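Shown next as structure tokens: one chain only, the form deposited without ligand BER.
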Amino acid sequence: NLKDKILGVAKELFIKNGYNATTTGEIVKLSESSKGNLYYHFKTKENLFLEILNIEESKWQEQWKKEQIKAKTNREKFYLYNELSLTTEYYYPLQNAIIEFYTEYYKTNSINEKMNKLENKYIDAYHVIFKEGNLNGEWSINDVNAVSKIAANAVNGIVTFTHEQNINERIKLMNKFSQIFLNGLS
């Protein structure tokens, strides 16, 4: 495909190289497309990267549902969710491009005007595991929406900041956290 081969090279590029490293034209380069082709299908290079994000945030979000069954209670759901984060082939990999990019276009408004959309689209997995855990009476989270953002960013931290050490340790550290956290809640 045309437009489905652009995202195809852009994704990986942002990852390998970072947000700035990859260029509006460099993509058009390894994708064989016409510099113009971009404009009507993809507004700006930041719109394309803003696009790929929602795809990844989606791909993962689905893969998550299809697996979370293996977790019967939500307490397990919570552990499982965080565990799987470390291993998914989605979103999480291009997490520095996220950093680079928010600290680079943060002096504009098209940011929080298309960012928080993805933020909320993310802290949502935690929204449901907690709120559900209230219904199931697995605990009493009085400000769920908050706890969701904490948990999600504390977790995004453990995943992003340890990427380069033995995967069985990340999984160990991550479980010990999932624990301490759930624990401080009840």
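Each residue number is its position in the shown sequence, starting from 1.
As for the form solved in complex with ligand BER, it is not shown, yet the points below apply to it.
Classification of the binding site as blocked follows from the superposed pose of ligand BER in the bound PDB entry: three or more of its atoms fall inside 2.4 Å of backbone or C-beta atoms here. Residue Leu53 is the only one of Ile141, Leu38, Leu53, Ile27 with a heavy atom lying within 4.5 Å of ligand BER in the bound PDB entry.
Just one listed stretch, out of 53-61, 27-35, 40-48, 131-139, contacts ligand BER in the bound PDB entry at the 4.5 Å heavy atom level, and that stretch is 53-61. The closest heavy atom approach of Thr88 to ligand BER in the bound PDB entry falls within 4.5 Å. Though the partner is left out of this view, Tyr79 does not reach within 4.5 Å of ligand BER in the bound PDB entry, counting heavy atoms only. Residues of 102-140 lying near ligand BER in the bound PDB entry, listed in sequence order, are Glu119, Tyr122, the criterion being any heavy atom within 4.5 Å. Assigning each C-alpha to the better-fitting of the two rigid parts between the shown form and the other one places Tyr126 and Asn183 together. Note: the CA-CA distance for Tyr92 and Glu132 expands in the bound PDB entry relative to this form, by 3 angstroms or more. Relative to the displayed conformation, the Cα-Cα distance from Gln95 to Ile150 grows by 3 Å or more in the bound PDB entry.
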